[PDB]
Amino acid sequence: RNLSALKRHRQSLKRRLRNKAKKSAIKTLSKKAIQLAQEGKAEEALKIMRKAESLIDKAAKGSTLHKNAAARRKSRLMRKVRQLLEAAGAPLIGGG
Amino acid sequence: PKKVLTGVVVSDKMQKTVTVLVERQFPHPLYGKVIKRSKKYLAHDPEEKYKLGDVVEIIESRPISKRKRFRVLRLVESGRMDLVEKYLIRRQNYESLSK
Amino acid sequence: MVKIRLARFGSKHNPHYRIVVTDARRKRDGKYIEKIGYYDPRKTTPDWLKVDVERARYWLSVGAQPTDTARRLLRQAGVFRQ
Amino acid sequence: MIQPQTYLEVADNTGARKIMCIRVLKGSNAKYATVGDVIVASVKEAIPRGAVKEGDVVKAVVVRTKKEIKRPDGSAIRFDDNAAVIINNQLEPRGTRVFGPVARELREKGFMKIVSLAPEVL
RNA sequence: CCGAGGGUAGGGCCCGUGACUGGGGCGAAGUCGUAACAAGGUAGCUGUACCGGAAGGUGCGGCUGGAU
RNA sequence: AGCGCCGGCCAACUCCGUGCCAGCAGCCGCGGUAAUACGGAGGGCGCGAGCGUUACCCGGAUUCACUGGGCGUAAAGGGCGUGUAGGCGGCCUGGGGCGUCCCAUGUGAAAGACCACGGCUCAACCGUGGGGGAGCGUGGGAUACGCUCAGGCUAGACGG
RNA sequence: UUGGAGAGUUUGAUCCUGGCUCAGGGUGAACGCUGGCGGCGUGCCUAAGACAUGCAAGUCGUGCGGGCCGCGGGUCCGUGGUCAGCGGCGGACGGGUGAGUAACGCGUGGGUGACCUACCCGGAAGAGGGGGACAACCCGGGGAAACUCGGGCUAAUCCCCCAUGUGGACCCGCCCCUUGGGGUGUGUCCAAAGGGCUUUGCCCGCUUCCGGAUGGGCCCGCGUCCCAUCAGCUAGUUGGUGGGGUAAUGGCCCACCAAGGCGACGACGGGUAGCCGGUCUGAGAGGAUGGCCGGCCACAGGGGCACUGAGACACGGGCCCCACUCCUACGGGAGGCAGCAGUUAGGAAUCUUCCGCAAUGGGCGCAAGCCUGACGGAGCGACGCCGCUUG
RNA sequence: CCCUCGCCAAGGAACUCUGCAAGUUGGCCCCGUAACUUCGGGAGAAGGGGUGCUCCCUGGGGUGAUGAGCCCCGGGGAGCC
Ligand SMILES: [Mg+2]
Ligand SMILES: [Mg+2]
Ligand SMILES: [Mg+2]
Ligand SMILES: [Mg+2]
Ligand SMILES: [Mg+2]
Ligand SMILES: [Mg+2]
Ligand SMILES: [Mg+2]
Ligand SMILES: [Mg+2]
Ligand SMILES: [Mg+2]
Ligand SMILES: [Mg+2]
Ligand SMILES: [Mg+2]
Ligand SMILES: [Mg+2]
Ligand SMILES: [Mg+2]
Ligand SMILES: [Mg+2]
Ligand SMILES: [Mg+2]
Ligand SMILES: [Mg+2]
Ligand SMILES: [Mg+2]
Ligand SMILES: [Mg+2]
Ligand SMILES: [Mg+2]
Ligand SMILES: [Mg+2]
Ligand SMILES: [Mg+2]
Ligand SMILES: [Mg+2]
Ligand SMILES: [Mg+2]
Ligand SMILES: [Mg+2]
Ligand SMILES: [Mg+2]
Ligand SMILES: [Mg+2]
Ligand SMILES: [Mg+2]
Ligand SMILES: [Mg+2]
Ligand SMILES: [Mg+2]
Ligand SMILES: [Mg+2]
Ligand SMILES: [Mg+2]
Ligand SMILES: [Mg+2]
Ligand SMILES: [Mg+2]
Ligand SMILES: [Mg+2]
Ligand SMILES: [Mg+2]
Ligand SMILES: [Mg+2]
Ligand SMILES: [Mg+2]
Ligand SMILES: [Mg+2]
Ligand SMILES: [Mg+2]
Ligand SMILES: [Mg+2]
Ligand SMILES: [Mg+2]
Ligand SMILES: [Mg+2]
Ligand SMILES: [Mg+2]
Ligand SMILES: [Mg+2]
Ligand SMILES: [Mg+2]
Ligand SMILES: [Mg+2]
Ligand SMILES: [Mg+2]
Ligand SMILES: [Mg+2]
Ligand SMILES: [Mg+2]
Ligand SMILES: [Mg+2]
Ligand SMILES: [Mg+2]
Ligand SMILES: [Mg+2]
Ligand SMILES: [Mg+2]
Ligand SMILES: [Mg+2]
Ligand SMILES: [Mg+2]
Ligand SMILES: [Mg+2]
Ligand SMILES: [Mg+2]
Ligand SMILES: [Mg+2]
Ligand SMILES: [Mg+2]
Ligand SMILES: [Mg+2]
Ligand SMILES: [Mg+2]
Ligand SMILES: [Mg+2]
Ligand SMILES: [Mg+2]
Ligand SMILES: [Mg+2]
Ligand SMILES: [Mg+2]
Ligand SMILES: [Mg+2]
Ligand SMILES: [Mg+2]
Ligand SMILES: [Mg+2]
Ligand SMILES: [Mg+2]
Ligand SMILES: [Mg+2]
Ligand SMILES: [Mg+2]
Ligand SMILES: [Mg+2]
Ligand SMILES: [Mg+2]
Ligand SMILES: [Mg+2]
Ligand SMILES: [Mg+2]
Ligand SMILES: [Mg+2]
Ligand SMILES: [Mg+2]
Ligand SMILES: [Mg+2]
Ligand SMILES: [Mg+2]
Ligand SMILES: [Mg+2]
Ligand SMILES: [Mg+2]
Ligand SMILES: [Mg+2]
Ligand SMILES: [Mg+2]
Ligand SMILES: [Mg+2]
Ligand SMILES: [Mg+2]
Ligand SMILES: [Mg+2]
Ligand SMILES: [Mg+2]
Ligand SMILES: [Mg+2]
Ligand SMILES: [Mg+2]
Ligand SMILES: [Mg+2]
Ligand SMILES: [Mg+2]
Ligand SMILES: [Mg+2]
Ligand SMILES: [Mg+2]
Ligand SMILES: [Mg+2]
Ligand SMILES: [Mg+2]
Ligand SMILES: [Mg+2]
Ligand SMILES: [Mg+2]
Ligand SMILES: [Mg+2]
Ligand SMILES: [Mg+2]
Ligand SMILES: [Mg+2]
Ligand SMILES: [Mg+2]
Ligand SMILES: [Mg+2]
Ligand SMILES: [Mg+2]
Ligand SMILES: [Mg+2]
Ligand SMILES: [Mg+2]
Ligand SMILES: [Mg+2]
Ligand SMILES: [Mg+2]
Ligand SMILES: [Mg+2]
Ligand SMILES: [Mg+2]
Ligand SMILES: [Mg+2]
Ligand SMILES: [Mg+2]
Ligand SMILES: [Mg+2]
Ligand SMILES: [Mg+2]
Ligand SMILES: [Mg+2]
Ligand SMILES: [Mg+2]
Ligand SMILES: [Mg+2]
Ligand SMILES: [Mg+2]
Ligand SMILES: [Mg+2]
Ligand SMILES: [Mg+2]
């Protein structure tokens, strides 16, 4: 009745924690930054936007995000922030 | 290569899409005779430039929608409403094949 | 990885391998990527071994890994002579 | 308080879904069956190809009731339906699982086989 | 939110079965008659229609695949 | 050493028993007191660690017919018109080259199959080599017939 | 041009039409009567019914820290083994089955400027500096079991932060290119793990990039059975705009907008079937078939779901619902042979609870090696073919 | 005790000649709706969902003047008890 498949399930549970955890933050922040950029609030948007971009590429280092997801996530972030600022402008920090 | 086919536009009642009817001949696999069979392709026309009656070429393309996997390649001839009639008269005849 | 090994053909108590390049995850006697020679362990004919050597060096050159008892039948045909 | 005409849910897998009481087997002239009592019943609704079929006259022990049963310790328990498990002449379920809880009263009345198969006993 | 499924209600197709019932095939050792095959003893056949224990008959119109 | 068969198809014949019985049977048919046709027997024919039966597939079936059938009376012409789709379509000349045809090239895995050789004492089985194909992609080419566009005609058809 | 036989039976007789019938080959066969040997094959076609027991997936101390027994010898140390744990890599292969599916499932040829790919190979560069968790372990609570709850401790190839930027990712501009292909400038963002020897040197690793190789995802043309006594079907339906999602296109999902899409070239519906390489027959054309072997697909008691991951929506992993069965101390809990054998039911009918990792192959490992019901062999059965005997 | 009326545990027609009587159902809006048919119907078949208030956005009509005010018929969103 036993296995080390058990072990393998034991671990999956734990990786799952770190993953979910990581993806939550990425969404929390992009949203936070898109939210700012709508009412922009130019400098602050861009500030958080970097903090997302960091967090994205950081998840992409491992198994959480496939690198293209990171690419895709990042692309859609920047597109949103910028085009939001165009209803008002102008970009306070970097970037870019 | 990407498959290219030539046909008549039979519908433009969609936005940014035309229905292009492609026809083909081939010998019957047993009875020899050359027989025709036709088929409609939904073709991407981002420019809404192709119109009813146009004879056109369409090229197999990366999928645009469910059912749309061809873009219109280029115009070939304009105003073949006589073909569009052929198609339409057949559909219209269907009202007589029921019960 | 892609591998070079022996696919058992022939029959019972009558081996006849084909030195062959296949994906490691194939079955033994499965679809191979390419045949490149054969081997008769019972040695029952003038040429109980043969190898396209020009080829076996390509697959090696591009990363194929031979089995142990294939490495040998590739040495014995001097695909390793430097 | 089950009486002739009362419909009961059947809490087993005999295939009977609903039975209607036709008699309470408790003496010469009992007015009501409660938990642990045996009735005779008609099968009014069953599923296809079970042990039992609509029309069958079977026996069943009442295993939970919508009128609350009171207990010597001053408490009472009440269920959301009236349910009975179909039995044979030796009080053994004719079925092989029993669904939903059952009243502990069944045990003191020698329905051990039913009490054990039950997911819960309240 | 969606969601396995559960429940309620109304539909569609299919299969099994049913008091009784309609003809059908066969069997054949029976009853009744002899409608068709000969001009088959009323030429036949026919669509329809009415009718008769039964094959059938008669009307109307048709065909000859009718003998003399 | 067994099993089927011995009326015809189909290779293999006599005696007894039975008497429209018992029974055989794939089709035609056998048995009602001289049965090569039932049952046994002798003998015979065919196969042989097999022989027979049942089932199913193709075959014979040109009996769904493309190769390769038919419709007065054998089964089979729609009761008759009108006409939609479709299928099919006269003579001459050009353009296009879709069908069609040619060449090249890719693909057409391995096994199997086919030809050669070879290994198990043979074979089956198994190995090495050889030979290709339809079909589809690509490049090039041909233009008679079919197609398509274009221009002529009058024998089809329509009209005065 | 290596290929083509027919016969019986409608009549008193005839010719013709026409059905029935037969001789041939074939099979995963079965039944009867009989039965000696060997070889190669080959054997649940029915209940994708239900299954007792063993076995079918693990490995690494050259990632880490402990326990228990011993070896070496002064409490401590080393060394070996063994046992879990943490950490890898495998477990997505391999093996079974054919239920579902008439579909881009399969076949064949194509497309991806719309994509991914662990371990393998080639080439470019790199490994500085910090901090933390959780088991094992000690301490309590709960059971008959399954087991688990809580308190605290500790290591690492575990986790995180900063540093470093060859490079790589992303927005904007611009050049080539022309669907999202390649290049470039500014801004922003992202690396890491070390272990081992013979120890200023090598081996196995770890990191980011580029290319390769292999394996895949998706897309399109054409082909793929019976019923028209199924003729009409369609509201995520057909298209569009924006977003969501993915590796990636897409009504795959969602909001809004338009009113479209399909159908006698047979939609919709019903029935039946996994498809192919092939197989069997046939002169051929064709018909029939898809068992064994190879390829793809689909499924893992019936259903739904996602997690982990390069890869799964995972046969011997997880969650939930159902059905069934079992266990128990009656409180509770457990299972999924369509893996190999084996039992039972069903059936006209289909095998040993065998042996071995020696060979080929696969997994982990520097290696020794360990695991391997894949496989290699052996057993049963005239089931088939081939060979041989009873002279 | 009778009349008229309100409620009722579990059951739910077992009442009785008979569900007699009383329950149930109940308006409007939307979805949806069978046999059969004289093609009207059967149909309010059946069955089901919605129904208050608050804020924001919004479409058309009447009266005006084309506008404001007034009156009429809507739609979409977010919420509250
Ligand atoms: Mg492990
Ligand atoms: Mg949040
Ligand atoms: Mg992931
Ligand atoms: Mg990644
Ligand atoms: Mg689109
Ligand atoms: Mg009944
Ligand atoms: Mg639902
Ligand atoms: Mg439902
Ligand atoms: Mg449920
Ligand atoms: Mg009768
Ligand atoms: Mg007469
Ligand atoms: Mg007469
Ligand atoms: Mg007469
Ligand atoms: Mg008459
Ligand atoms: Mg009379
Ligand atoms: Mg009369
Ligand atoms: Mg006339
Ligand atoms: Mg014979
Ligand atoms: Mg013969
Ligand atoms: Mg003879
Ligand atoms: Mg006798
Ligand atoms: Mg005699
Ligand atoms: Mg005979
Ligand atoms: Mg005889
Ligand atoms: Mg023999
Ligand atoms: Mg036949
Ligand atoms: Mg013949
Ligand atoms: Mg034929
Ligand atoms: Mg013909
Ligand atoms: Mg004929
Ligand atoms: Mg006529
Ligand atoms: Mg008529
Ligand atoms: Mg015409
Ligand atoms: Mg024409
Ligand atoms: Mg012509
Ligand atoms: Mg051409
Ligand atoms: Mg070719
Ligand atoms: Mg081949
Ligand atoms: Mg050939
Ligand atoms: Mg030889
Ligand atoms: Mg060969
Ligand atoms: Mg010409
Ligand atoms: Mg002309
Ligand atoms: Mg003329
Ligand atoms: Mg006769
Ligand atoms: Mg006659
Ligand atoms: Mg005769
Ligand atoms: Mg004949
Ligand atoms: Mg036998
Ligand atoms: Mg025997
Ligand atoms: Mg054997
Ligand atoms: Mg099976
Ligand atoms: Mg069953
Ligand atoms: Mg069972
Ligand atoms: Mg073992
Ligand atoms: Mg290591
Ligand atoms: Mg060891
Ligand atoms: Mg360990
Ligand atoms: Mg597999
Ligand atoms: Mg196998
Ligand atoms: Mg199947
Ligand atoms: Mg279907
Ligand atoms: Mg298709
Ligand atoms: Mg395809
Ligand atoms: Mg992995
Ligand atoms: Mg520490
Ligand atoms: Mg950093
Ligand atoms: Mg919508
Ligand atoms: Mg889009
Ligand atoms: Mg994925
Ligand atoms: Mg859709
Ligand atoms: Mg079509
Ligand atoms: Mg049809
Ligand atoms: Mg079905
Ligand atoms: Mg099936
Ligand atoms: Mg023939
Ligand atoms: Mg088949
Ligand atoms: Mg079969
Ligand atoms: Mg297979
Ligand atoms: Mg399933
Ligand atoms: Mg499942
Ligand atoms: Mg099962
Ligand atoms: Mg399950
Ligand atoms: Mg698994
Ligand atoms: Mg699973
Ligand atoms: Mg799956
Ligand atoms: Mg698997
Ligand atoms: Mg299993
Ligand atoms: Mg206990
Ligand atoms: Mg539990
Ligand atoms: Mg078990
Ligand atoms: Mg077995
Ligand atoms: Mg049996
Ligand atoms: Mg076997
Ligand atoms: Mg081994
Ligand atoms: Mg090995
Ligand atoms: Mg290794
Ligand atoms: Mg073993
Ligand atoms: Mg009451
Ligand atoms: Mg009540
Ligand atoms: Mg009631
Ligand atoms: Mg009630
Ligand atoms: Mg009564
Ligand atoms: Mg009474
Ligand atoms: Mg009444
Ligand atoms: Mg009343
Ligand atoms: Mg009322
Ligand atoms: Mg009211
Ligand atoms: Mg009322
Ligand atoms: Mg009704
Ligand atoms: Mg009506
Ligand atoms: Mg009525
Ligand atoms: Mg209503
Ligand atoms: Mg209502
Ligand atoms: Mg009010
Ligand atoms: Mg409300
Ligand atoms: Mg209020
Ligand atoms: Mg007024
Ligand atoms: Mg106004």
# chains A, B, ... in the order shown; residues from 1 in each chain; ligands from 1
$ interface_residues --of "chain F" --to "chain C" --cutoff "10 Å" --atoms "only C-alpha atoms (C1' of nucleotides)" --output "VMD selection string"
chain F and resid 109 to 111 118 to 120 125 to 128
$ write_last_selection --atoms "N, CA, C and O atoms (P, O5', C5', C4', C3', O3' and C1' of nucleotides)" --output "PDB file, in the first residue's frame"
ATOM      1  P     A F 109       5.953   4.224 -47.056  1.00  0.00           P
ATOM      2  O5'   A F 109       6.936   4.530 -45.823  1.00  0.00           O
ATOM      3  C5'   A F 109       8.171   5.227 -45.973  1.00  0.00           C
ATOM      4  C4'   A F 109       9.119   5.052 -44.785  1.00  0.00           C
ATOM      5  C3'   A F 109       9.529   3.629 -44.396  1.00  0.00           C
ATOM      6  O3'   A F 109      10.605   3.122 -45.152  1.00  0.00           O
ATOM      7  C1'   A F 109       8.824   4.786 -42.456  1.00  0.00           C
ATOM      8  P     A F 110      10.545   1.609 -45.668  1.00  0.00           P
ATOM      9  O5'   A F 110      10.820   0.720 -44.382  1.00  0.00           O
ATOM     10  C5'   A F 110      11.852   1.037 -43.474  1.00  0.00           C
ATOM     11  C4'   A F 110      11.671   0.263 -42.203  1.00  0.00           C
ATOM     12  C3'   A F 110      11.201  -1.171 -42.394  1.00  0.00           C
ATOM     13  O3'   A F 110      12.215  -2.063 -42.791  1.00  0.00           O
ATOM     14  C1'   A F 110       9.926  -0.174 -40.692  1.00  0.00           C
ATOM     15  P     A F 111      11.878  -3.184 -43.885  1.00  0.00           P
ATOM     16  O5'   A F 111      10.829  -4.125 -43.134  1.00  0.00           O
ATOM     17  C5'   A F 111      11.227  -4.948 -42.050  1.00  0.00           C
ATOM     18  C4'   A F 111      10.028  -5.494 -41.306  1.00  0.00           C
ATOM     19  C3'   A F 111       9.145  -6.501 -42.031  1.00  0.00           C
ATOM     20  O3'   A F 111       9.631  -7.823 -41.982  1.00  0.00           O
ATOM     21  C1'   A F 111       7.785  -4.854 -41.097  1.00  0.00           C
ATOM     22  P     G F 118      23.237 -18.992 -51.778  1.00  0.00           P
ATOM     23  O5'   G F 118      23.272 -18.567 -50.239  1.00  0.00           O
ATOM     24  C5'   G F 118      24.385 -17.881 -49.681  1.00  0.00           C
ATOM     25  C4'   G F 118      24.076 -17.368 -48.299  1.00  0.00           C
ATOM     26  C3'   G F 118      23.694 -18.419 -47.274  1.00  0.00           C
ATOM     27  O3'   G F 118      24.824 -18.996 -46.686  1.00  0.00           O
ATOM     28  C1'   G F 118      22.186 -16.595 -47.153  1.00  0.00           C
ATOM     29  P     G F 119      24.698 -20.415 -45.959  1.00  0.00           P
ATOM     30  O5'   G F 119      23.999 -20.097 -44.550  1.00  0.00           O
ATOM     31  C5'   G F 119      24.537 -19.150 -43.627  1.00  0.00           C
ATOM     32  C4'   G F 119      23.714 -19.063 -42.356  1.00  0.00           C
ATOM     33  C3'   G F 119      23.245 -20.391 -41.790  1.00  0.00           C
ATOM     34  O3'   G F 119      24.250 -20.998 -41.014  1.00  0.00           O
ATOM     35  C1'   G F 119      21.460 -18.802 -41.724  1.00  0.00           C
ATOM     36  P     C F 120      24.264 -22.579 -40.868  1.00  0.00           P
ATOM     37  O5'   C F 120      23.222 -22.833 -39.715  1.00  0.00           O
ATOM     38  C5'   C F 120      22.032 -23.534 -39.968  1.00  0.00           C
ATOM     39  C4'   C F 120      21.091 -23.311 -38.829  1.00  0.00           C
ATOM     40  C3'   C F 120      20.268 -24.521 -38.459  1.00  0.00           C
ATOM     41  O3'   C F 120      21.039 -25.430 -37.686  1.00  0.00           O
ATOM     42  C1'   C F 120      18.871 -22.610 -38.552  1.00  0.00           C
ATOM     43  P     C F 125       6.844 -18.671 -43.060  1.00  0.00           P
ATOM     44  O5'   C F 125       7.714 -18.283 -41.779  1.00  0.00           O
ATOM     45  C5'   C F 125       7.287 -18.563 -40.460  1.00  0.00           C
ATOM     46  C4'   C F 125       8.422 -18.417 -39.486  1.00  0.00           C
ATOM     47  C3'   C F 125       9.358 -17.249 -39.737  1.00  0.00           C
ATOM     48  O3'   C F 125       8.854 -16.036 -39.249  1.00  0.00           O
ATOM     49  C1'   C F 125      10.641 -19.182 -39.365  1.00  0.00           C
ATOM     50  P     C F 126       9.268 -14.677 -39.968  1.00  0.00           P
ATOM     51  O5'   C F 126      10.844 -14.639 -39.799  1.00  0.00           O
ATOM     52  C5'   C F 126      11.430 -14.414 -38.529  1.00  0.00           C
ATOM     53  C4'   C F 126      12.928 -14.558 -38.608  1.00  0.00           C
ATOM     54  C3'   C F 126      13.634 -13.626 -39.575  1.00  0.00           C
ATOM     55  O3'   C F 126      13.824 -12.319 -39.059  1.00  0.00           O
ATOM     56  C1'   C F 126      14.426 -15.834 -39.887  1.00  0.00           C
ATOM     57  P     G F 127      13.970 -11.074 -40.069  1.00  0.00           P
ATOM     58  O5'   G F 127      15.488 -11.094 -40.530  1.00  0.00           O
ATOM     59  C5'   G F 127      16.550 -10.881 -39.616  1.00  0.00           C
ATOM     60  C4'   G F 127      17.877 -11.024 -40.318  1.00  0.00           C
ATOM     61  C3'   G F 127      18.162 -10.052 -41.472  1.00  0.00           C
ATOM     62  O3'   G F 127      18.725  -8.817 -41.023  1.00  0.00           O
ATOM     63  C1'   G F 127      18.597 -12.286 -42.174  1.00  0.00           C
ATOM     64  P     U F 128      18.571  -7.440 -41.865  1.00  0.00           P
ATOM     65  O5'   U F 128      19.506  -7.629 -43.153  1.00  0.00           O
ATOM     66  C5'   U F 128      20.928  -7.681 -43.052  1.00  0.00           C
ATOM     67  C4'   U F 128      21.585  -7.884 -44.399  1.00  0.00           C
ATOM     68  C3'   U F 128      21.065  -6.988 -45.516  1.00  0.00           C
ATOM     69  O3'   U F 128      21.623  -5.678 -45.513  1.00  0.00           O
ATOM     70  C1'   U F 128      21.209  -9.233 -46.280  1.00  0.00           C
TER      71        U F 128
END
$ residues_around --residues "residue 71 (chain H)" --least-positions-apart "4" --cutoff "12 Å" --atoms "only C-alpha atoms (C1' of nucleotides)" --output "list in words"
residues 61, 62, 63 and 64 of chain H
$ residues_near_ligand --ligand "ligand 115" --cutoff "12 Å" --atoms "only C-alpha atoms (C1' of nucleotides) and all ligand atoms" --output "PDB file with N, CA and C atoms (P, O5', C5', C4', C3', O3' and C1' of nucleotides), in the first residue's frame"
ATOM      1  P     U H  51     -37.570  39.756  -8.377  1.00  0.00           P
ATOM      2  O5'   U H  51     -38.899  40.602  -8.559  1.00  0.00           O
ATOM      3  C5'   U H  51     -38.885  41.780  -9.341  1.00  0.00           C
ATOM      4  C4'   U H  51     -40.265  42.360  -9.404  1.00  0.00           C
ATOM      5  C3'   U H  51     -40.802  42.941  -8.101  1.00  0.00           C
ATOM      6  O3'   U H  51     -41.594  44.091  -8.384  1.00  0.00           O
ATOM      7  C1'   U H  51     -42.280  41.316  -8.896  1.00  0.00           C
ATOM      8  P     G H  52     -40.973  45.548  -8.226  1.00  0.00           P
ATOM      9  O5'   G H  52     -40.885  45.763  -6.649  1.00  0.00           O
ATOM     10  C5'   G H  52     -42.010  46.215  -5.929  1.00  0.00           C
ATOM     11  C4'   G H  52     -41.648  46.645  -4.536  1.00  0.00           C
ATOM     12  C3'   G H  52     -40.759  47.861  -4.402  1.00  0.00           C
ATOM     13  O3'   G H  52     -41.489  49.065  -4.468  1.00  0.00           O
ATOM     14  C1'   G H  52     -39.941  46.140  -3.042  1.00  0.00           C
ATOM     15  P     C H  53     -41.000  50.266  -5.407  1.00  0.00           P
ATOM     16  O5'   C H  53     -39.797  50.858  -4.572  1.00  0.00           O
ATOM     17  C5'   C H  53     -40.038  51.405  -3.306  1.00  0.00           C
ATOM     18  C4'   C H  53     -38.776  51.475  -2.503  1.00  0.00           C
ATOM     19  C3'   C H  53     -37.617  52.233  -3.112  1.00  0.00           C
ATOM     20  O3'   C H  53     -37.737  53.614  -2.951  1.00  0.00           O
ATOM     21  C1'   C H  53     -36.838  50.223  -2.251  1.00  0.00           C
TER      22        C H  53
END
$ residues_near_ligand --ligand "ligand 39" --cutoff "10 Å" --atoms "only C-alpha atoms (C1' of nucleotides) and all ligand atoms" --output "MDAnalysis selection string"
chainID F and resid 113:114 131:133
$ residues_near_ligand --ligand "ligand 31" --cutoff "10 Å" --atoms "only C-alpha atoms (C1' of nucleotides) and all ligand atoms" --output "VMD selection string"
chain F and resid 77 to 80
$ write_last_selection --atoms "C-alpha atoms (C1' of nucleotides)" --output "PDB file, in the first residue's frame"
ATOM      1  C1'   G F  77     -40.197   3.153 -69.665  1.00  0.00           C
ATOM      2  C1'   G F  78     -42.418   7.637 -65.376  1.00  0.00           C
ATOM      3  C1'   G F  79     -50.269   8.325 -67.727  1.00  0.00           C
ATOM      4  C1'   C F  80     -48.789  12.958 -70.636  1.00  0.00           C
TER       5        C F  80
END
$ residues_around --residues "region 28-42 of chain H" --least-positions-apart "5" --cutoff "10 Å" --atoms "only C-alpha atoms (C1' of nucleotides)" --output "list in words"
residues 10 and 11 of chain E; 47, 48, 49, 50 and 51 of chain H
$ closest_atom_pairs --of "chain A" --to "chain G" --cutoff "7 Å" --atoms "only C-alpha atoms (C1' of nucleotides)" --output "JSON lines"
{"residue": "A:5", "atom": "CA", "partner": "G:317", "partner_atom": "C1'", "distance": 6.3}
{"residue": "A:9", "atom": "CA", "partner": "G:317", "partner_atom": "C1'", "distance": 6.7}
{"residue": "A:12", "atom": "CA", "partner": "G:308", "partner_atom": "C1'", "distance": 4.4}
{"residue": "A:16", "atom": "CA", "partner": "G:307", "partner_atom": "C1'", "distance": 6.9}
{"residue": "A:50", "atom": "CA", "partner": "G:188", "partner_atom": "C1'", "distance": 6.5}
{"residue": "A:53", "atom": "CA", "partner": "G:189", "partner_atom": "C1'", "distance": 5.8}
{"residue": "A:54", "atom": "CA", "partner": "G:189", "partner_atom": "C1'", "distance": 5.2}
{"residue": "A:57", "atom": "CA", "partner": "G:190", "partner_atom": "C1'", "distance": 5.5}
{"residue": "A:58", "atom": "CA", "partner": "G:190", "partner_atom": "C1'", "distance": 6.2}
{"residue": "A:71", "atom": "CA", "partner": "G:169", "partner_atom": "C1'", "distance": 5.9}
{"residue": "A:74", "atom": "CA", "partner": "G:170", "partner_atom": "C1'", "distance": 5.6}
{"residue": "A:75", "atom": "CA", "partner": "G:170", "partner_atom": "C1'", "distance": 5.4}
{"residue": "A:78", "atom": "CA", "partner": "G:171", "partner_atom": "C1'", "distance": 5.5}
{"residue": "A:79", "atom": "CA", "partner": "G:171", "partner_atom": "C1'", "distance": 6.5}
{"residue": "A:94", "atom": "CA", "partner": "G:187", "partner_atom": "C1'", "distance": 5.4}
{"residue": "A:95", "atom": "CA", "partner": "G:187", "partner_atom": "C1'", "distance": 4.4}
{"residue": "A:96", "atom": "CA", "partner": "G:187", "partner_atom": "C1'", "distance": 3.7}
$ atom_distance --atom1 "CA of residue 64 (chain D)" --atom2 "atom 1 (Mg, counted along the ligand's line) of ligand 99"
19.7 Å
$ residues_around --residues "residue 36 (chain B)" --least-positions-apart "3" --cutoff "9 Å" --atoms "only C-alpha atoms (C1' of nucleotides)" --output "count of residues only"
6
$ residues_around --residues "residue 40 (chain D)" --least-positions-apart "5" --cutoff "7 Å" --atoms "only C-alpha atoms (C1' of nucleotides)" --output "PyMOL selection string"
chain D and resi 21-25+57-60
$ write_last_selection --atoms "C-alpha atoms" --output "mmCIF file, in the first residue's frame"
data_model
loop_
_atom_site.group_PDB
_atom_site.id
_atom_site.type_symbol
_atom_site.label_atom_id
_atom_site.label_comp_id
_atom_site.auth_asym_id
_atom_site.auth_seq_id
_atom_site.Cartn_x
_atom_site.Cartn_y
_atom_site.Cartn_z
ATOM 1 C CA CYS D 21 -47.587 2.430 4.705
ATOM 2 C CA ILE D 22 -50.454 0.028 4.745
ATOM 3 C CA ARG D 23 -50.289 -1.321 8.275
ATOM 4 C CA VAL D 24 -48.263 -0.791 11.431
ATOM 5 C CA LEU D 25 -47.099 -4.153 12.716
ATOM 6 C CA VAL D 57 -46.062 -5.353 -0.708
ATOM 7 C CA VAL D 58 -43.002 -5.289 1.537
ATOM 8 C CA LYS D 59 -42.010 -4.845 5.189
ATOM 9 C CA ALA D 60 -39.838 -2.007 6.367
#
$ residues_near_ligand --ligand "ligand 66" --cutoff "8 Å" --atoms "only C-alpha atoms (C1' of nucleotides) and all ligand atoms" --output "JSON, numbers by chain"
{"G": [132, 154, 155]}
$ residues_near_ligand --ligand "ligand 84" --cutoff "9 Å" --atoms "only C-alpha atoms (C1' of nucleotides) and all ligand atoms" --output "VMD selection string"
chain G and resid 91 to 92 312 314 to 317
$ interface_residues --of "chain G" --to "chain C" --cutoff "9 Å" --atoms "only C-alpha atoms (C1' of nucleotides)" --output "ChimeraX atom specification"
/G:40,93-94,119-122,212-215,294-295,360-362,374,377
$ residues_near_ligand --ligand "ligand 56" --cutoff "8 Å" --atoms "only C-alpha atoms (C1' of nucleotides) and all ligand atoms" --output "list in words"
residues 60, 62, 63, 195, 204, 205, 365 and 366 of chain G
$ residues_around --residues "region 46-55 of chain E" --least-positions-apart "4" --cutoff "12 Å" --atoms "only C-alpha atoms (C1' of nucleotides)" --output "PyMOL selection string"
chain E and resi 31-36+59-65
